[PDB]
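Colleague: I have a structure I would like to understand better, so I am pasting it below and will then ask my questions one at a time.
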Amino acid sequence: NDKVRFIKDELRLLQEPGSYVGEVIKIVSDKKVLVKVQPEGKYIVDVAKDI
Amino acid sequence: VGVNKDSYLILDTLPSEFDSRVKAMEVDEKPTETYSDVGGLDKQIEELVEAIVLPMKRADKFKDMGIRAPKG
Amino acid sequence: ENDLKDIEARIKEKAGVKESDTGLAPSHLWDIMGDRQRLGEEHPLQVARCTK
Amino acid sequence: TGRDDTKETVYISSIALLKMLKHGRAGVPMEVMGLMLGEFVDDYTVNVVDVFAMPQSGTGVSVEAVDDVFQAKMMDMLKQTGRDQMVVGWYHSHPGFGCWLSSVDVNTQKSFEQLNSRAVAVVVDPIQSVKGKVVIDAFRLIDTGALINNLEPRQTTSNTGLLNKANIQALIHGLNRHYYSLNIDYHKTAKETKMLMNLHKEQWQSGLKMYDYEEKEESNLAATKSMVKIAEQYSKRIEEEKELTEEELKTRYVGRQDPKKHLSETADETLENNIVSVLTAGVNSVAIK
């Protein structure tokens with residue numbers, strides 16, 4: 001049962017809508033972070049709960 | 001050619017495009033000063049008209065004589 | 001001397017570092033026509049140039 | 001009291017679903033559209049019995065790319081065949097983008113909502129339906145004023161539903177500022193099941209039909225060799241597998257993918273493959289002569 005039902009949990013993981021890699025240039029203490037996205041431009045954008 | 005941007009199909013044909021810098025070449029209705037508001041250096045005016053202007057109009061006399069017209 | 005070295009660090013770390021946005025005190029209401037300039041397509045415009 | 005709006009679930013008959021997919025993928029990336037013929041009964045069921053496609057344009061969707069002249073001719077074609085009921089809305093296919101209504105599409109929808117309030121817009125993603133999931137989501141316009149008064153909670157009353165949000169990003173912007181999305185259930189009959197499940201004429205031609213026996217020998221050779229390599233890898237691993245902490249052993253003596261597990265998958269496929277094949281040979285040889 002464990003073997004078959006992690007696969008069902010793993011479909012969500014595989015069907016992620018993308019990611020990106022960024023690097024934090026600096027924070028701003030408005031509770032947002034300046035991210036120079038590595039392939040892309042600069043966007044100041046909201047943090048999650050995790051960080 | 002036009003290609004339809006929703007789905008690439010040759011839609012129709014369009015004139016060939018040249019740069020806007022090359023589209024600045026042609027006249028604005030460019031003022032004329034004829035040969036008669038250029039005084040002095042008479043011999044130069046005659047030498048230019050001969051080189052450029054008359055081989056355009058009398059290209060027929062150039063073909064019958066059989067000469068070529070100059071390149072600049 | 002080394003106690004001074006550490007506590008300068010600690011003071012910066014807790015205070016936090018930032019960059020503030022330019023503002024205006026006469027503005028405390030702006031979105032009355034913020035949404036008139038924004039909010040769907042009415043529109044900030046993709047810039048082009050005529051070539052022919 | 002006023003009129004209260006509440007949950008609905010859009011039941012896409014098996015017929016309707018294939019047509020949208022067929023018409024939509026074929027016309028992608030140019031936008032595809034068409035009307036949904038069906039009936040509303042109940043107060044929780046939008047039942048879409050059929051769809052058809054309205055002629056494509058290279059202006060894509062537009063309020064004037066709907067085209068009622070074509071709608072009218074088509075309606076009379078269903079009328080003569082005794083299939084007309086009520087047009088229950090419109091669908092359109094965004095190409096490879098998500099399910100969300102465009103600003104233009106909101107105004108296309110506002111028109112059909114006048115004609116019947118229970119009309120939906122069904123946004124289809126065909127280039128994303130080639131997964132193991134078919135991606136289709138449904139929307140239905142709600143009055144802007146109603147959203148101010150907090151009447152999005154109203155739409156989920158009297159069941160727990162199967163409530164889940166399959167897509168956000170542009171979707172959750174448009175929900176917030178316009179619409180109430182619907183979940184999608186499928187209707188099909190017991191006849192239609194049998195039609196769908198059947199997909200081969202070789203159902204009875206697949207255990208008497210066999211593959212060339214050179215191909216089988218190649219396969220046995222390939223299989224045995226592969227497991228021979230995995231066994232050497234396993235043997236390196238199982239020189240220890242006896243110290244404290246499983247995780248330390250997995251790094252150190254590669255149990256990265258577990259050569260035990262890896263050998264089990266490979267063993268089991270070719271073992272099962274050979275039992276069928278021998279059984280096919282022995283059936284034909286004895287029975288036929």
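Identifiers in this document derive from the order of the structure tokens: chains are assigned A, B, ..., residues are numbered from 1 separately in each chain, and ligands are numbered from 1 in order of occurrence.
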When you look at residue 187 in chain D with a cut-off of 12 Å (counting only C-alpha atoms), what residues show up, excluding the ones that are within fewer than 3 positions of it in the same chain? I need them as number ranges by chain.
Modeller: D: 9-17, 45-50, 184, 190-193
Colleague: Within 8 Å of residue 44 in chain D, counting only C-alpha atoms, which residues show up once you throw out same-chain ones fewer than 6 positions away? Write them as a ChimeraX atom specification, please.
Modeller: /D:6-9
Colleague: Write out as a PyMOL selection string the residues lying within 7 Å of range 219-229 of chain D, counting only C-alpha atoms and excluding same-chain residues fewer than 3 positions away.
Modeller: chain D and resi 215-216+232-233+263+270
Colleague: Using N, CA and C atoms, can you write the selected residues to a file as a PDB file, in the first residue's frame?
Modeller:
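So again02.pdb came out as:
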```pdb
ATOM      1  N   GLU D 215      13.193 -12.158 -31.832  1.00  0.00           N
ATOM      2  CA  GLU D 215      13.017 -10.947 -31.039  1.00  0.00           C
ATOM      3  C   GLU D 215      12.967 -11.287 -29.557  1.00  0.00           C
ATOM      4  N   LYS D 216      12.336 -12.423 -29.241  1.00  0.00           N
ATOM      5  CA  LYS D 216      12.286 -13.001 -27.896  1.00  0.00           C
ATOM      6  C   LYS D 216      13.672 -13.408 -27.385  1.00  0.00           C
ATOM      7  N   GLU D 232      26.270  -6.958  -9.874  1.00  0.00           N
ATOM      8  CA  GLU D 232      27.631  -6.625  -9.465  1.00  0.00           C
ATOM      9  C   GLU D 232      27.603  -5.388  -8.596  1.00  0.00           C
ATOM     10  N   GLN D 233      26.724  -4.460  -8.983  1.00  0.00           N
ATOM     11  CA  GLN D 233      26.485  -3.217  -8.265  1.00  0.00           C
ATOM     12  C   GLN D 233      25.876  -3.511  -6.903  1.00  0.00           C
ATOM     13  N   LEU D 263      16.699  -4.545  -9.531  1.00  0.00           N
ATOM     14  CA  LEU D 263      16.701  -5.900 -10.050  1.00  0.00           C
ATOM     15  C   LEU D 263      15.311  -6.524  -9.974  1.00  0.00           C
ATOM     16  N   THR D 270      10.462  -9.451 -17.402  1.00  0.00           N
ATOM     17  CA  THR D 270      10.786 -10.413 -18.439  1.00  0.00           C
ATOM     18  C   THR D 270      10.293 -11.788 -18.061  1.00  0.00           C
TER      19      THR D 270
END
```
Colleague: For chain D, report every residue with an atom at most 12 Å from chain C (counting only C-alpha atoms), formatted as a PyMOL selection string.
Modeller: chain D and resi 102-104+106+173-174+177
Colleague: Could you dump the residues just selected with N, CA, C and O atoms as a compact mmCIF listing (two decimals), in the first residue's frame?
Modeller:
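Dumped to part20.txt:
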```
# COMPACT_ATOMS: atom_id res chain seq x y z
N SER D 102 -10.14 35.87 -20.61
CA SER D 102 -9.52 37.11 -20.97
C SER D 102 -10.51 38.23 -20.77
O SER D 102 -11.71 38.01 -20.65
N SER D 103 -9.97 39.44 -20.74
CA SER D 103 -10.83 40.60 -20.58
C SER D 103 -11.87 40.66 -21.69
O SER D 103 -13.06 40.87 -21.41
N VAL D 104 -11.45 40.41 -22.94
CA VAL D 104 -12.37 40.34 -24.07
C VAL D 104 -13.41 39.26 -23.87
O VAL D 104 -14.58 39.44 -24.23
N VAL D 106 -14.60 38.13 -21.11
CA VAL D 106 -15.58 38.53 -20.12
C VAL D 106 -16.78 39.18 -20.80
O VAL D 106 -17.93 38.95 -20.43
N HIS D 173 -7.32 35.70 -10.07
CA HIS D 173 -7.62 37.11 -10.35
C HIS D 173 -9.02 37.26 -10.95
O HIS D 173 -9.80 38.14 -10.54
N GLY D 174 -9.35 36.43 -11.95
CA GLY D 174 -10.64 36.55 -12.63
C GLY D 174 -11.78 36.07 -11.77
O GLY D 174 -12.89 36.61 -11.86
N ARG D 177 -12.49 38.89 -9.34
CA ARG D 177 -12.99 40.10 -9.91
C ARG D 177 -14.13 39.85 -10.88
O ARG D 177 -14.63 40.81 -11.46
```
Colleague: Within 8 Å of residue 19 in chain B, counting only C-alpha atoms, which residues show up once you throw out same-chain ones fewer than 3 positions away? Write them as a ChimeraX atom specification, please.
Modeller: /B:22-23 /C:51
Colleague: Show me a table, sorted first by chain and then by increasing residue number, of the residues of chain A having an atom at most 12 Å from chain D, each with its shortest atom pair and the distance in Å to one decimal, counting only C-alpha atoms and written as CSV.
Modeller:
```
residue,atom,partner,partner_atom,distance
A:3,CA,D:261,CA,11.6
A:11,CA,D:132,CA,10.1
A:12,CA,D:166,CA,10.7
A:14,CA,D:131,CA,11.4
A:15,CA,D:131,CA,9.7
A:16,CA,D:167,CA,10.9
A:17,CA,D:167,CA,9.4
```
Colleague: Show me a table, sorted first by chain and then by increasing residue number, of the residues of chain D having an atom at most 10 Å from chain B, each with its shortest atom pair and the distance in Å to one decimal, counting only C-alpha atoms and written as a Markdown table.
Modeller:
```
| residue | atom | partner | partner_atom | distance |
| --- | --- | --- | --- | --- |
| D:27 | CA | B:7 | CA | 8.2 |
| D:28 | CA | B:7 | CA | 7.3 |
| D:29 | CA | B:7 | CA | 5.7 |
| D:30 | CA | B:6 | CA | 4.5 |
| D:31 | CA | B:6 | CA | 7.3 |
| D:57 | CA | B:6 | CA | 8.8 |
| D:58 | CA | B:6 | CA | 5.9 |
| D:59 | CA | B:6 | CA | 7.8 |
| D:60 | CA | B:6 | CA | 7.5 |
| D:95 | CA | B:6 | CA | 9.7 |
```
Colleague: For the residues selected in the previous step, produce a file with N, CA and C atoms as a PDB file, in the first residue's frame.
Modeller:
```
ATOM      1  N   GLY D  27      -7.473  23.084 -34.361  1.00  0.00           N
ATOM      2  CA  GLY D  27      -7.407  24.483 -34.716  1.00  0.00           C
ATOM      3  C   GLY D  27      -6.358  25.248 -33.969  1.00  0.00           C
ATOM      4  N   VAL D  28      -5.846  24.676 -32.880  1.00  0.00           N
ATOM      5  CA  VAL D  28      -4.756  25.319 -32.138  1.00  0.00           C
ATOM      6  C   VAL D  28      -3.576  25.474 -33.072  1.00  0.00           C
ATOM      7  N   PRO D  29      -2.798  26.538 -32.959  1.00  0.00           N
ATOM      8  CA  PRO D  29      -2.921  27.522 -31.888  1.00  0.00           C
ATOM      9  C   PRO D  29      -3.933  28.611 -32.174  1.00  0.00           C
ATOM     10  N   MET D  30      -4.464  28.714 -33.389  1.00  0.00           N
ATOM     11  CA  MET D  30      -5.571  29.632 -33.609  1.00  0.00           C
ATOM     12  C   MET D  30      -6.727  29.266 -32.683  1.00  0.00           C
ATOM     13  N   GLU D  31      -7.391  30.285 -32.127  1.00  0.00           N
ATOM     14  CA  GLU D  31      -8.475  30.040 -31.185  1.00  0.00           C
ATOM     15  C   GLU D  31      -9.648  29.397 -31.888  1.00  0.00           C
ATOM     16  N   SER D  57     -11.618  32.213 -37.062  1.00  0.00           N
ATOM     17  CA  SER D  57     -11.257  33.541 -37.511  1.00  0.00           C
ATOM     18  C   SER D  57      -9.836  33.766 -37.034  1.00  0.00           C
ATOM     19  N   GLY D  58      -9.133  34.690 -37.675  1.00  0.00           N
ATOM     20  CA  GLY D  58      -7.783  35.039 -37.275  1.00  0.00           C
ATOM     21  C   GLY D  58      -7.794  36.317 -36.487  1.00  0.00           C
ATOM     22  N   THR D  59      -9.002  36.683 -36.057  1.00  0.00           N
ATOM     23  CA  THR D  59      -9.236  37.623 -34.980  1.00  0.00           C
ATOM     24  C   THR D  59      -9.578  36.885 -33.696  1.00  0.00           C
ATOM     25  N   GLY D  60      -9.492  35.556 -33.710  1.00  0.00           N
ATOM     26  CA  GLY D  60      -9.808  34.697 -32.587  1.00  0.00           C
ATOM     27  C   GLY D  60     -11.200  34.988 -32.060  1.00  0.00           C
ATOM     28  N   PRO D  95      -4.854  28.595 -26.194  1.00  0.00           N
ATOM     29  CA  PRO D  95      -3.946  27.648 -26.856  1.00  0.00           C
ATOM     30  C   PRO D  95      -3.086  26.777 -25.947  1.00  0.00           C
TER      31      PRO D  95
END
```
Colleague: One number please: CA of residue 230 in chain D to CA of residue 256 in chain D, in Å, one decimal.
Modeller: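 Atom-to-atom, CA of residue 230 in chain D and CA of residue 256 in chain D are spaced 12.0 Å apart.
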Colleague: Restrict the distance test to only C-alpha atoms, flag each residue of chain A within 12 Å of chain C, and return the flagged residues as a list in words.
Modeller: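 Here is what falls inside 12 Å: residues 26, 27, 28, 29, 30, 31, 32, 33, 34 and 44 of chain A.
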Colleague: Could you list, as a PyMOL selection string, the residues of chain C having an atom within 12 Å of chain B when counting only C-alpha atoms?
Modeller: chain C and resi 49-52
Colleague: Which of chain C end up as helix (DSSP H, G or I) when DSSP is run on this backbone - answer as number ranges by chain?
Modeller: C: 2-15, 34-37
Colleague: Okay, now the selection with N, CA and C atoms, as a compact mmCIF listing (two decimals), in the first residue's frame?
Modeller:
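Printed below is result-v9.txt as written:
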```
# COMPACT_ATOMS: atom_id res chain seq x y z
N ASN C 2 37.35 43.68 21.32
CA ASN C 2 36.58 42.70 20.54
C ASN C 2 35.09 42.72 20.87
N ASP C 3 34.70 43.23 22.05
CA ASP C 3 33.28 43.30 22.36
C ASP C 3 32.61 44.34 21.48
N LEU C 4 33.34 45.42 21.21
CA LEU C 4 32.88 46.44 20.28
C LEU C 4 32.75 45.86 18.87
N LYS C 5 33.67 44.98 18.45
CA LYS C 5 33.57 44.45 17.09
C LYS C 5 32.25 43.69 16.87
N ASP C 6 31.87 42.81 17.82
CA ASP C 6 30.67 41.96 17.77
C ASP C 6 29.38 42.76 17.79
N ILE C 7 29.31 43.76 18.67
CA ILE C 7 28.02 44.35 18.96
C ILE C 7 27.63 45.32 17.86
N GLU C 8 28.60 45.88 17.11
CA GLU C 8 28.25 46.64 15.91
C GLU C 8 27.49 45.74 14.94
N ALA C 9 27.99 44.52 14.73
CA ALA C 9 27.28 43.53 13.92
C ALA C 9 25.86 43.27 14.42
N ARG C 10 25.71 43.02 15.73
CA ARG C 10 24.40 42.66 16.29
C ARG C 10 23.40 43.78 16.13
N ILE C 11 23.87 45.02 16.33
CA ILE C 11 23.02 46.19 16.20
C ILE C 11 22.50 46.32 14.76
N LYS C 12 23.36 46.10 13.75
CA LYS C 12 22.88 46.16 12.37
C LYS C 12 21.88 45.06 12.07
N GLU C 13 22.16 43.87 12.60
CA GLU C 13 21.38 42.69 12.25
C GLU C 13 19.95 42.82 12.75
N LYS C 14 19.75 43.33 13.97
CA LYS C 14 18.38 43.42 14.46
C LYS C 14 17.63 44.63 13.88
N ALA C 15 18.31 45.77 13.63
CA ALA C 15 17.64 46.98 13.14
C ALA C 15 17.04 46.77 11.75
N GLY C 34 -6.74 55.56 -9.77
CA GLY C 34 -5.68 54.61 -10.01
C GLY C 34 -6.19 53.50 -10.90
N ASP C 35 -7.40 53.02 -10.60
CA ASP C 35 -8.05 51.93 -11.33
C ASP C 35 -8.52 52.36 -12.71
N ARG C 36 -8.79 53.66 -12.89
CA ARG C 36 -9.09 54.29 -14.19
C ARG C 36 -7.91 54.34 -15.11
N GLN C 37 -6.72 54.47 -14.55
CA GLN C 37 -5.52 54.36 -15.35
C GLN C 37 -5.07 52.91 -15.53
```
Colleague: Tell me, in Å to one decimal, how far CA of residue 35 in chain D is from CA of residue 71 in chain D.
Modeller: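 Between CA of residue 35 in chain D and CA of residue 71 in chain D the gap works out to 8.2 Å.
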Colleague: Got a sec: who's within 9 Å of residue 5 in chain D, counting only C-alpha atoms, leaving out chain neighbours fewer than 5 positions off, as a list in words?
Modeller: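 Selected residues are residues 142, 151, 154 and 155 of chain D.
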Colleague: For residue 168 in chain D, work out the shell of residues within 9 Å, counting only C-alpha atoms and skipping chain neighbours fewer than 6 positions away, then give it as a PyMOL selection string.
Modeller: chain D and resi 98-100
Colleague: Save out the residues we just selected, N, CA and C atoms, as a short mmCIF file (atom, residue, chain, number, x, y, z; two decimals), in the first residue's frame.
Modeller:
```cif
data_model
loop_
_atom_site.label_atom_id
_atom_site.label_comp_id
_atom_site.auth_asym_id
_atom_site.auth_seq_id
_atom_site.Cartn_x
_atom_site.Cartn_y
_atom_site.Cartn_z
N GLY D 98 -3.22 28.79 -19.52
CA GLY D 98 -4.14 28.27 -18.53
C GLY D 98 -5.61 28.52 -18.79
N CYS D 99 -6.48 28.06 -17.89
CA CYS D 99 -7.90 28.36 -18.00
C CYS D 99 -8.11 29.62 -17.19
N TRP D 100 -8.44 30.69 -17.88
CA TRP D 100 -8.81 31.94 -17.27
C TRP D 100 -9.52 32.65 -18.40
#
```
Colleague: Which residues are near residue 23 in chain A? Cut-off 10 Å, only C-alpha atoms, ignore same chain within fewer than 2 positions. Put them as a short mmCIF file (atom, residue, chain, number, x, y, z; two decimals) with C-alpha atoms, in the first residue's frame.
Modeller:
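Result file is part_2.cif:
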```cif
data_model
loop_
_atom_site.label_atom_id
_atom_site.label_comp_id
_atom_site.auth_asym_id
_atom_site.auth_seq_id
_atom_site.Cartn_x
_atom_site.Cartn_y
_atom_site.Cartn_z
CA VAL A 21 16.34 29.85 -9.83
CA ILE A 25 20.43 40.75 -4.33
CA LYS A 26 19.07 42.28 -1.20
CA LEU A 34 14.69 41.96 -4.39
CA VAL A 35 15.47 38.97 -6.55
CA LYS A 36 17.63 39.25 -9.62
CA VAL A 37 16.12 36.22 -11.38
CA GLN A 38 19.00 34.35 -12.93
CA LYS A 42 14.60 41.93 -11.45
#
```
Colleague: One number please: CA of residue 80 in chain D to CA of residue 40 in chain D, in Å, one decimal.
Modeller: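 Distance reported for this atom pair: 21.8 Å.
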Colleague: As JSON, numbers by chain, list the residues of chain A assigned to strand (DSSP E) by DSSP on the backbone atoms of this structure.
Modeller: {"A": [22, 23, 24, 25, 26, 27, 28, 32, 33, 34, 35, 36, 37, 42, 43, 44, 45, 46]}
